[PDB]
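# Reading the structure
The chain contents come next:
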Number of protein chains: 2
Amino acid sequence: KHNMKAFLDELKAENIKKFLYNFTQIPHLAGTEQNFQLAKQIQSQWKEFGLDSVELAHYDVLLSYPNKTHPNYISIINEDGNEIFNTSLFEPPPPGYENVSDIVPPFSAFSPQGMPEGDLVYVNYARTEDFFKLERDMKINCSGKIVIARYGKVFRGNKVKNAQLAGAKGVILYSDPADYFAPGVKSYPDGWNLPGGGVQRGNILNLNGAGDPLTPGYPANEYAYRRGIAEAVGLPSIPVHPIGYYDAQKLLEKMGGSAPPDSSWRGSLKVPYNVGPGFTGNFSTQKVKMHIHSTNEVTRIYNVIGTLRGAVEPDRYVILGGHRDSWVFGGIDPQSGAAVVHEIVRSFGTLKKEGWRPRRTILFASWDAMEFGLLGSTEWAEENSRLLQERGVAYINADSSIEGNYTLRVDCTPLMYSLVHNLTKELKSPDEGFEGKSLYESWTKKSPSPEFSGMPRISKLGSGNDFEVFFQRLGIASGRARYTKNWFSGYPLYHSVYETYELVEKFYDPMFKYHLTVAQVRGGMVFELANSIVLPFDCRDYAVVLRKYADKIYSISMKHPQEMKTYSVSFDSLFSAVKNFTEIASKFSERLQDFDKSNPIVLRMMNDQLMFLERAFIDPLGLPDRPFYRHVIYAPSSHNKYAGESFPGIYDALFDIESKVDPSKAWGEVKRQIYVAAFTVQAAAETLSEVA
Amino acid sequence: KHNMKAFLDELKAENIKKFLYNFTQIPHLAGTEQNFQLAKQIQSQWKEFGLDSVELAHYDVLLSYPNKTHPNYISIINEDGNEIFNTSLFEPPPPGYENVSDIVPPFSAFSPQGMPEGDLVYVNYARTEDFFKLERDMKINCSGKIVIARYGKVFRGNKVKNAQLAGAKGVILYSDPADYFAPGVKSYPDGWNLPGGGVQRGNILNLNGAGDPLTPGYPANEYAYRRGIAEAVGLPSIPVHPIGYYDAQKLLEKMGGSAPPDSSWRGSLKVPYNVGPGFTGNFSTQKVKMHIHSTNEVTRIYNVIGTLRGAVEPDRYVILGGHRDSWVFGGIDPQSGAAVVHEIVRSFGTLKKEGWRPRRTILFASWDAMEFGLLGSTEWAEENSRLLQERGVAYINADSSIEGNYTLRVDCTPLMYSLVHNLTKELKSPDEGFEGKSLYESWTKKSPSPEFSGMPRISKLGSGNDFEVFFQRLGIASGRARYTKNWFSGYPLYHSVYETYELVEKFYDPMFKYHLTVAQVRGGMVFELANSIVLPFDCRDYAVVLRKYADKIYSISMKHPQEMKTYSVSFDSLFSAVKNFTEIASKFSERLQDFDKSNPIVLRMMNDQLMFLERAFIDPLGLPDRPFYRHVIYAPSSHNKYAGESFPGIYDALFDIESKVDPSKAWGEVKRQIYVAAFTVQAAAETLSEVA
Ligand SMILES: *[C@@H]1O[C@H](CO)[C@@H](O[C@@H]2O[C@H](CO)[C@@H](O[C@@H]3O[C@H](CO[C@H]4O[C@H](CO)[C@@H](O)[C@H](O)[C@@H]4O)[C@@H](O)[C@H](O[C@H]4O[C@H](CO)[C@@H](O)[C@H](O)[C@@H]4O)[C@@H]3O)[C@H](O)[C@H]2NC(C)=O)[C@H](O)[C@H]1NC(C)=O
Ligand SMILES: *[C@@H]1O[C@H](CO)[C@@H](O[C@@H]2O[C@H](CO)[C@@H](O[C@@H]3O[C@H](CO[C@H]4O[C@H](CO)[C@@H](O)[C@H](O)[C@@H]4O)[C@@H](O)[C@H](O[C@H]4O[C@H](CO)[C@@H](O)[C@H](O)[C@@H]4O)[C@@H]3O)[C@H](O)[C@H]2NC(C)=O)[C@H](O)[C@H]1NC(C)=O
Ligand SMILES: *[C@@H]1O[C@H](CO)[C@@H](O[C@@H]2O[C@H](CO)[C@@H](O[C@@H]3O[C@H](CO)[C@@H](O)[C@H](O[C@H]4O[C@H](CO)[C@@H](O)[C@H](O)[C@@H]4O)[C@@H]3O)[C@H](O)[C@H]2NC(C)=O)[C@H](O)[C@H]1NC(C)=O
Ligand SMILES: *[C@@H]1O[C@H](CO)[C@@H](O[C@@H]2O[C@H](CO)[C@@H](O[C@@H]3O[C@H](CO)[C@@H](O)[C@H](O[C@H]4O[C@H](CO)[C@@H](O)[C@H](O)[C@@H]4O)[C@@H]3O)[C@H](O)[C@H]2NC(C)=O)[C@H](O)[C@H]1NC(C)=O
Ligand SMILES: O=C(O)CC[C@H](NC(=O)N[C@@H](CCCC(=O)NCc1ccc(F)cc1)C(=O)O)C(=O)O
Ligand SMILES: O=C(O)CC[C@H](NC(=O)N[C@@H](CCCC(=O)NCc1ccc(F)cc1)C(=O)O)C(=O)O
Ligand SMILES: *[C@@H]1O[C@H](CO)[C@@H](O[C@@H]2O[C@H](CO)[C@@H](O)[C@H](O)[C@H]2NC(C)=O)[C@H](O)[C@H]1NC(C)=O
Ligand SMILES: *[C@@H]1O[C@H](CO)[C@@H](O[C@@H]2O[C@H](CO)[C@@H](O)[C@H](O)[C@H]2NC(C)=O)[C@H](O)[C@H]1NC(C)=O
Ligand SMILES: *[C@@H]1O[C@H](CO)[C@@H](O[C@@H]2O[C@H](CO)[C@@H](O)[C@H](O)[C@H]2NC(C)=O)[C@H](O)[C@H]1NC(C)=O
Ligand SMILES: *[C@@H]1O[C@H](CO)[C@@H](O[C@@H]2O[C@H](CO)[C@@H](O)[C@H](O)[C@H]2NC(C)=O)[C@H](O)[C@H]1NC(C)=O
Ligand SMILES: *[C@@H]1O[C@H](CO)[C@@H](O[C@@H]2O[C@H](CO)[C@@H](O)[C@H](O)[C@H]2NC(C)=O)[C@H](O)[C@H]1NC(C)=O
Ligand SMILES: *[C@@H]1O[C@H](CO)[C@@H](O[C@@H]2O[C@H](CO)[C@@H](O)[C@H](O)[C@H]2NC(C)=O)[C@H](O)[C@H]1NC(C)=O
Ligand SMILES: *[C@@H]1O[C@H](CO)[C@@H](O)[C@H](O)[C@H]1NC(C)=O
Ligand SMILES: *[C@@H]1O[C@H](CO)[C@@H](O)[C@H](O)[C@H]1NC(C)=O
Ligand SMILES: *[C@@H]1O[C@H](CO)[C@@H](O)[C@H](O)[C@H]1NC(C)=O
Ligand SMILES: *[C@@H]1O[C@H](CO)[C@@H](O)[C@H](O)[C@H]1NC(C)=O
Ligand SMILES: [Ca+2]
Ligand SMILES: [Ca+2]
Ligand SMILES: [Cl-]
Ligand SMILES: [Cl-]
Ligand SMILES: [Zn+2]
Ligand SMILES: [Zn+2]
Ligand SMILES: [Zn+2]
Ligand SMILES: [Zn+2]
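As stated in the entry header, the method of structure determination is X-ray crystallography and the reported resolution is 1.48 Å.

Next comes the structure, spelled out in structure tokens:
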């Protein structure tokens, strides 16, 4: 028959392997000819696989590239202005790729140009709390200094924002072996660790969901009216550049001034990790000089959009999307994901050629310019927002399929928890020691829920991937899944030249069994979402998490009992709303199970109630100063785009509140955010009441 | 049978008459006990009439009232500070009501307190062009002056905003007989004209759609967090008070300074209409002094919400709403409308008691605090916005049923033009000379379309009534209809104490036949919208008007050919989008007529495409500095809230552009607005394409 088992059985590890190899032989940098050619290949193949239509959707967006004839680098300069040490111009290419052209050298995308010269301050991970420690406790002033920060813990854009607000005149980012060199494993090509010449690329924007910096709100189409650079969204004001740990050792070894405040500031290099400012006595007249000459340029990008029309509800869309652009070869990021999408499309197309169609429409997307700020997905969603918010059932992301070989990692809306539990109980575990056991069993054993015995950990969605527009702007139920390691600082070869097909085939997944498991999870979710008669969402799971999040935010506020008394700060309305949501969801669930199953209008009313429940958490006014983060329950952390924050409006109103000069105003804003949250939870609850 | 004819035949003129009398014996001022009692009566009666549920929805909103022991008035003061002339403390009450208590004296709701003293400047209607003439041509400076303006032409809130920006320190509004005294008709009680002691009440806010000044975006519920007065939306900064023409004559007769610039500045009083500043020689040391002591106060209001659940699509709402609060007796405004709603509810309830239900759910609303800024409807819509934007089919307004006895007046979305033409062809004309002819025929004869022979005039929706939140904020197809006069300056007794039951019964509609015709139009529209299998919207009518509006806005821009050349200002994208909309709408219409009629999912997809088409013109970012005006095609005029403006974003970008100091910036913003409009029209068109 044509059921989920038939779909799942058609997926093959060997096909994923072939596609991965096919997608990783040359670089596919956004805006380059090679990535346009790959888009055309994928379009052709998806048509051959049997999709009903496959189109390219293009946009002209702001991208950033080094200058090929004026390379970026950092120096130590002596008192005469002689450059006595220079950082590398490129990563040593891996074996057999030493003649591959168009490898973009390491750079921080969207850095402005400049040649700032100054004294170094070491700022640990450049987190908000690292800057609090420097200014408030250590009394070190970063104003007019070049700061050097280790990658890790938080999104690099947040590091740069934090350095800017501290008054830094430039930022040097580096990979410390503490964070990117696993003990006991060899450097690439003999293992999966970062060599000392390896460097992590990546953008340093602070877009807060806007998409293309020049066209916030609207697609960057042929007639778009663009902001000037000075009014663009999210661009950094100071130069930034990334280096490897051989080069970092040379910049850090001479550092003087104050000692590190404790061991959480020390990485693994043989240097003191002194904070500065500047170098020790003998070298005190030497300085550090950056040379950044990259340019921002409006450049065409191409999304591939494939459609498999639904047989019964063609006006309901289930979306499987992931990006295609890579920094270099994209062996893990994104092609391990893209190869999985390709095999999922192939399997659905096999069923379609035998006469099957899903109940609802499935859309497949190969996004461009993700690496430059989620630009392809965001512009497309901006173009199609009306269609998406009235018809969008769900979005399943499909970036990297693997970041390790230990167990499953799932982040998603509470509406999908039951779907994920049920699906993983029907899938085979690929893990050694769990032969003949379910994926649910292996996952639950290796990654136990911190709340509930006998359940696996599922995390809330953060950001830094292409679901952002769909979930946090538009309120479409979203999820993601991949294979991960044991225990936000990525795998060692992340965004480096060393992330190749061979990395994956030799060290991560030689049999492609973890890739296949991830294909089954992502594809199985899509199948259920697109074919189940009743949408596979459980509103009661939202009720449970809303109480947890309400308890959490109340607990934060209750660190300030005197102020809560003075300003009459009550969470009673939020708990009331959460109680009401719990009650109404329970009653809706009863009707969903008991409704007349012959009546397709009651079913669709029910299905629309389910689809629009995630939508109900959207506030059209957005969060404060972040108009494109509209979901009231979930936003990316203001301190780390990768991490999700719950009740973000209240959280940010409470953050560091003891430091605000006007407590009356600050606690007034806490109360305002409690009102907005309680109202939104109640309003979402009421969408599940009987309709009339 | 149970069809529209049965519904229409049940409506009775004599019932409307009885309800009107019942609703107009005492004042029903928002926030007063008498208006709460009327709300409870209507709730009880709607339940008895047969609605499924009838609830009160209350909110606590900012209202404004005079101080009963510290009355508002204006003086002429001589050089010693003696008050030699005082304006009236109240309107002479009409016959038989001279002992009625709680008649609110004339005042401008939301005026701040103050006692400003100064020289008068007469500013005609206080329109934007009147202030342009004073400053730019006549070189008269209103800074620190008290301005005196005649009511008429534009919403009084716009007059006050314009006076404030001119630097006025107070505003006196008056009714000139040129605008409020029809030649040949007697003053009330012997005819329908305004007596010299009559005064027009009304609010002077500039809310731009916000609702309650203290809670923009969110309902003013029990736990709402309120702005402080200083941050409230829309409040005037200078005192304002309204007077009648006996009192105005006393203030105007001594005016000196400059002569009126032409005859369009002269009303009908026996005064010169000199502009000032100040009085002529003998009286030059005299001044005008206002005394305003009204207070703003958070006050409970009550909407009545009745539900008639749909038999087939109970999750689709057709709304019939109008306000209940009045300034005094509300003989026309609003009770002529409320009485019509009451009889419509009664007629639907009669059918329901015989076993009928409409296909879709009908909601009936008696709104409160309309007179204080559309507060009741707006707060309710804020509370229920998620339900409304996913389920709202249409909103039919029901304020005053009559403002004259000449012919029909209809303002509505283009989506309802065909519905209105078809319905009025099936209704009998009530007009003398058209016995046995259709309402369509009489209306078309008396109010010909300026574009098309053999069609009647239908206008675009402006604002100043309770449809605003539904149409311009939420994008729900809306309409209104009433009987009107031959040829924005209301009927003479508007918002005066003289607007009584007797006014209506003696002078406007003694047989209640015009009321009955309006009940048939409003009720018939609701019936069709709630019962037609395919929603009765024609998307092709939107295509026709979008071309008209595009031609209009292009024509405005083409008054500046040199600038369009310099800044490369093209409307090509907007015309392209309109062409595309026209083509796609034509194809959708073919499918709507040709689709398989047995398939309820294709029908609902079609019905959802129809319902969401008005929704597609909404921009979640709003218009510039007016976040609650979100419709890109239609907004209230920035110069006159009562008037609708098409392509408002482009219109306001072009307005007075020749006066802007930075033409590059100004024309850049024109181009931005063209892009937003072209994009929105294309996006709306694409919602009518095949869905997959
Ligand atoms: C969780 O869900 C529950 C419902 O089970 C909601 O309960 C409502 O809670 C509010 C309190 O926040 C109640 O509001 C009160 O309404 C009274 C009038 O209620 C009657 O009339 C209304 C219509 O006008 C009907 O809908 C209702 O059924 C009743 O018949 C007011 O008189 C109250 O105001 C008085 O007391 C307050 C507080 O002391 C004073 O501030 C006022 O000045 C005034 O003296 C009050 O407004 C409401 O009745 C409850 N509805 C119910 C039980 O159906 C919760 O609100 C909801 N949680 C959230 C966060 O929404
Ligand atoms: C009204 O509806 C029509 C459709 O009937 C829309 O037409 C589109 O118009 C735009 C122009 O604004 C066209 O854009 C052009 O696309 C070319 C590529 O098209 C092919 O590939 C795409 C996918 O990538 C397919 O969708 C398409 O079917 C074609 O196969 C580009 O090469 C063009 O760019 C080049 O020329 C321009 C202008 O000189 C330069 O600025 C560029 O730098 C570049 O050299 C251009 O982008 C689009 O193809 C049309 N689609 C069609 C016919 O299907 C109208 O846009 C629409 N009106 C509005 C307001 O939306
Ligand atoms: C994940 O899997 C779980 C476990 O299967 C699943 O929960 C189960 O869902 C079914 C179907 O809704 C539940 O069965 C219902 O239970 C009630 C009470 O026993 C019955 O009244 C229902 O009967 C009606 O519907 C039947 C068809 O479903 C008709 O045959 C019948 O005539 C009635 O109309 C029905 O049997 C079952 O109770 C739960 N089990 C739980 C919660 O433990 C869950 O839904 C899955 N999650 C997702 C997202 O799919
Ligand atoms: C206002 O009134 C006008 C005038 O009645 C009305 O326009 C008419 O609508 C009908 C119904 O859509 C149109 O009739 C259709 O015309 C085409 C071509 O002739 C036919 O193919 C259609 O046949 C299909 O549908 C029928 C049922 O409607 C089935 O019986 C049949 O098997 C087919 O499936 C159908 O007859 C008619 O052409 C227009 N007339 C015009 C435009 O002059 C208009 O819709 C009304 N407006 C509103 C808002 O209700
Ligand atoms: O501009 C942006 O917003 C991000 C662009 C780019 N995005 C990424 O590289 N994202 C990777 C980096 C991983 C970061 C992370 O903290 N992931 C957490 C996570 C949790 C559960 C999963 F299933 C998958 C990932 C990713 O999402 O795979 C970047 O950070 O440079
Ligand atoms: O605060 C506000 O936005 C308005 C409150 C109040 N609103 C009204 O009194 N509105 C009346 C005044 C009539 C103004 C007008 O220009 N009406 C035009 C019009 C056109 C077609 C119709 F079917 C009905 C009215 C009404 O809409 O009936 C007011 O102006 O003081
Ligand atoms: C990746 O696979 C594609 C598809 O098999 C290859 O592209 C095809 O190459 C052959 C031989 O040059 C052509 O005849 C076909 O027209 C191509 N088909 C397409 C683009 O759909 C491509 O060569 C492979 N790339 C690598 C690096 O192996
Ligand atoms: C990239 O760097 C090159 C080399 O410095 C820039 O090309 C030079 O530009 C200047 C004027 O801007 C000319 O006078 C030189 O003759 C050019 N040099 C060479 C070797 O061609 C180029 O402008 C930069 N590219 C950018 C900014 O995109
Ligand atoms: C670091 O790189 C710089 C730039 O290439 C080198 O400095 C240049 O050296 C050449 C030849 O000696 C001079 O003609 C240039 O004027 C220098 N340019 C600048 C900007 O200083 C420098 O020698 C390199 N340092 C090391 C240690 O390799
Ligand atoms: C308006 O009509 C209502 C309804 O007929 C009248 O209210 C009723 O009055 C009688 C006699 O006092 C009471 O017994 C009923 O309980 C009332 N019914 C309600 C409120 O539903 C009211 O008297 C009329 N008002 C005027 C001014 O005539
Ligand atoms: C309305 O006006 C009255 C009368 O002027 C105000 O009442 C007076 O208030 C002052 C102090 O604010 C007292 O000292 C007087 O004795 C009061 N006079 C009387 C006659 O009671 C009243 O405050 C005003 N109401 C408002 C602002 O709502
Ligand atoms: C206009 O009204 C004011 C206020 O009532 C009158 O002025 C008051 O007159 C009484 C009695 O003569 C004095 O005790 C008060 O001091 C006056 N108050 C003020 C504020 O001036 C005035 O007489 C009235 N003018 C006319 C022409 O009737
Ligand atoms: C940091 O240094 C600059 C002066 O170079 C100064 O403007 C700023 O206020 C300093 N902050 C301190 C010392 O806290
Ligand atoms: C694969 O799993 C083995 C066994 O647990 C482990 O030793 C190895 O480090 C893993 N490889 C990667 C790349 O994580
Ligand atoms: C209007 O009058 C005031 C001075 O009383 C002044 O501030 C303002 O600039 C004047 N404008 C003119 C004369 O245009
Ligand atoms: C009613 O109609 C008659 C006849 O046209 C007209 O003379 C009279 O002024 C109308 N009454 C009102 C209040 O408009
Ligand atoms: Ca954009
Ligand atoms: Ca509000
Ligand atoms: Cl992912
Ligand atoms: Cl109306
Ligand atoms: Zn990626
Ligand atoms: Zn990446
Ligand atoms: Zn009214
Ligand atoms: Zn009114």
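With that out of the way, let us pick up the coordination of the calcium ion (ligand 18). Expected angles at a metal are 109.5 degrees for tetrahedral coordination by four donors and either 90 or 180 degrees for octahedral coordination by six donors. Each protein donor to the calcium ion (ligand 18) is listed here as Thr215(B) (O), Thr215(B) (OG1), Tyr218(B) (O), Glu379(B) (OE), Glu379(B) (OE) and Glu382(B) (OE); together their distances run 2.3 to 2.5 Å. Taken together, the six donor atoms coordinating the calcium ion (ligand 18) span angles of 52 to 172° at the metal, a pattern that classifies the geometry as irregular.

The partner chain B presents 52 residues to the 52 residues of chain A that form the contact. Taken together, the two surfaces of chain A and chain B that pack against each other cover about 4,500 Å², and 64% of this comes from carbon and sulfur. Its largest share of buried area at the contact with chain B, chain A owes to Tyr218(A), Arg386(A) and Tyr675(A), together 20% of the area lost on that side. On inspection of chain A and its partner chain B, the count reaches two salt bridges.

Before going further, it helps to examine the coordination of the zinc ion (ligand 23). All names here are of chain B. Within the first shell, the zinc ion (ligand 23) binds the protein through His323 (NE2), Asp333 (OD), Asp399 (OD) and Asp399 (OD), at distances of 2.0 to 2.8 Å. Around the zinc ion (ligand 23) sit four donor atoms; with metal-centred angles ranging over 52 to 121°, the donor geometry is irregular. Of note, the zinc ion (ligand 23) draws all its donor residues from one chain, in the sequence arrangement H-x9-D-x65-D. The distance between the zinc ion (ligand 23) and the zinc ion (ligand 24) comes to 3.3 Å, and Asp333 binds to both of them. Residue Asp333 is found in the loop between β13 (313-323) and α8 (335-353), and its partner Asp399 is found in the loop between β15 (392-397) and β16 (407-412); the two are separated by 66 residues along the sequence.

Another aspect to go through is the site of ligand 4. Residue and element names in this part refer to chain B. Around ligand 4 lies a shell formed by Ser418, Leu419, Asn422, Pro536, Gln593, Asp594 and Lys597. Between an oxygen atom of ligand 4 and a side-chain N or O atom of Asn422, the distance comes to 2.3 Å. Calculation on ligand 4 without its partners gives an accessible area of 910 Å², and the protein chains cover 31% of this total. Looking at the shell around ligand 4, the elements with two or more residues in it are α11 (417-425) and α18 (572-594). When residues of the shell around ligand 4 are assigned to their parent elements, the largest contribution, three residues, is made by α11.

Once that is clear, we can look at the site of ligand 6. Residue and element names in this part refer to chain B. The environment of ligand 6 is made up of 19 residues, and the closest members are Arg156, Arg482, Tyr494, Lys641 and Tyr642. A distance of 2.6 Å separates an oxygen atom of ligand 6 from a polar side-chain atom of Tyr494. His495 has a polar side-chain atom sitting 3.4 Å from an oxygen atom of ligand 6. In the complex, the protein chains occlude 97% of the 670 Å² of accessible area that ligand 6 would expose alone. The set of elements that each furnish at least two residues to the shell around ligand 6 consists of β16, β17 (477-484) and β19 (640-646). Looking at the shell around ligand 6 residue by residue, the classes come out as six nonpolar, five polar and eight charged.

In this section: the sheet that holds strand β5 (residues 117-118) of chain A. Residue and element names in this part refer to chain A. What the four strands build is an open sheet, ordered β3-β2-β11-β5; its pairing is antiparallel. Each edge of the sheet is formed by a strand with only one pairing partner; in this case those strands are β3 (83-86) and β5. Sheet analysis places β5 next to strand β11 (residues 287-291), joined by two bridges and oriented antiparallel. Paired with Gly118 across the two strands is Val288, which belongs to β11.

This paragraph deals with the environment of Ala39(A). Residues and elements named next belong to chain A. For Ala39, the position within the fold is in helix α3 (residues 33-49). Sequence separation between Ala39 and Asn303 is 264 residues; the distance between their C-alpha atoms is 7.3 Å. Excluding its chain neighbours within four sequence positions, the residues that come into contact with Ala39 are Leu56, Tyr302, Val304 and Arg324.

About the cut-offs
- Residues numbered from 1 in each chain as written, not as in the entry; some residues may be left out.
- Chains lettered and ligands numbered in written order.
- Heavy atoms only, no water.
- Donors = N, O, S within 2.8 Å, 3.2 Å for Na, K, Ca; no water.
- Tetrahedral: all angles 85-135°; square planar, octahedral: opposite > 155°, others 65-115°.
- Contact = heavy atoms within 4.5 Å.
- Buried area = accessible area lost by both parts, 1.4 Å probe.
- Salt bridge = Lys/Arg side-chain N within 4 Å of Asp/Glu carboxyl O.
- Helix = DSSP H or I, 4+ residues; strand = E, 2+ residues; numbered from the N terminus.
- Near = heavy atom within 4 Å.
- Polar contact = N/O pair within 3.5 Å; in protein donor to acceptor, adjacent residues only side chain to side chain.
- Areas by Shrake-Rupley, 256 points an atom, 1.4 Å probe, with all protein chains shown as cover.
- Nonpolar A, V, L, I, M, F, W, Y, C, P; charged D, E, K, R; others polar.
- Pairing = 2+ DSSP bridges.

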